[PDB]
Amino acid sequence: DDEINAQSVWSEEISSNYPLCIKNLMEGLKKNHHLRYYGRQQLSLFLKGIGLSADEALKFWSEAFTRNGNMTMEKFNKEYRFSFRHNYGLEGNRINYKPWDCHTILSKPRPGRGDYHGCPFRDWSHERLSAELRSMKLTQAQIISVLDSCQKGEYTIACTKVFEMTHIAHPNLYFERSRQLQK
């Protein structure tokens, strides 16, 4: 828990290593104090894969869902705690829940209104992507290249370009490669 824990996953240092899909899920969680089912699964299993423990996950999800008075702890415990415990096998299930790779993410139903799961290189408009990439200090030529990959449907190449420009396809590999470059 020394490095990855319920508090450090909200730090700029750790979160600077997240790929765009995880950044988007964390932003939706931060703003709405909730994620719908597919996003809960994508984000909770990514965090499990980076080493967020069972206890630290339950802290993280209970604090994020009850933040700013969004729901009572009693409602969280009645309507969500089981689901997050299940993702960690804490009620005894033996389903093999592994972190989702990019192909798996892309193959989930596309996000609609109110959804934050998916792959932003496919799911965001070019304008929204451009604004986000400018926030990450990319220049116009860089953004044009990333958008070229997006328009060709080469979403994991677009994501690889963003990794290279800001420093098998799998969000957890993006995180691990990025985190290693901080050490």
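When you see a residue number, it is the position in the sequence shown, counting from 1.
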### Message
Tell me which stretch, 45 to 53 or 132 to 140, has the higher mean Cα B-factor listed in the entry.
### Response
132 to 140
### Query
For the C-alpha atoms alone, is the average B factor greater in 81 to 89 or in 95 to 103, going by the entry?
95 to 103
### Deposited CA B-factor, highest of 66, 145, 32, 125
125
### Query
At the C-alpha atoms, which of 11, 172, 160, 166 reaches the highest B-factor in this entry?
166
### Query
Taking the entry's C-alpha B-factors for this chain, is residue 70 in the lowest, middle or highest third?
highest
## Note on the structure
Assert third(CA B-factor, residue 154) within chain per record equals highest
